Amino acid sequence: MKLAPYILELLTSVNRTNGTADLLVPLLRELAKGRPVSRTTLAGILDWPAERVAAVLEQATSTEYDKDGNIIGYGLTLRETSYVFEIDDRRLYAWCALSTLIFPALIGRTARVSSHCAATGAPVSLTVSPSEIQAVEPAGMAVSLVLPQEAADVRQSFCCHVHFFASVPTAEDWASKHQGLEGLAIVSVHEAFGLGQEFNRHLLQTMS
């Protein structure tokens, strides 16, 4: 299907203020270590004043902090979700199915992704590298997409509707009882991965 509207509105949704892209990649790479990330650590990696780091994050209202005020969630998260995202020996989580397909390229590492079909509960799993997916089980795994809304919190307007499914027929059946959800579409996990690659290329082309 035509994916330009999805790529466009997702880019808009994340690139609200400049610096977001520049801060995103290091933050994701730090979070992938499996520990909360401090604003000073980001400041040092970025060589920014910590005043700028918090400024960028304040715009990302979805951002999760822990009891110490450190960052534990931004696309990847240490707080449990339906999407398990493992790098090396660390178990992390992701906010949505598309996130699991996008972040391995941004962090430069291969992830073991697992979840459950949103319509049937069947376990699903696959290995996501920066360039390809492997061990897609079951092999006909699908993904739901919706059109991101620009001003809305991305996690509540997009992430919460973007799931894995056992198969495309299963997802479509599920989709038929989810009307009035703008842009709702079912794609193969392969097509969703390609969407993620297009998104990443556009996002990275906007860094310093």
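When you see a residue number, it is the position in the sequence shown, counting from 1.
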>> Quick check on the record: does 23-31 or 138-146 carry the larger mean Cα temperature factor?
In response: 23-31
> Got a sec? Mean C-alpha B-factor, which is higher, 9-17 or 194-202?
Replying inline: 9-17
>> Sorting 175, 160, 54, 168 by Cα temperature factor from the record, which one lands on top?
In response: 54
> Whose C-alpha has the highest temperature factor in the PDB entry: 40, 179, 63, 70?
Replying inline: 179
> So where's residue 79 on the chain's Cα temperature factor ranking, which third?
Replying inline: middle
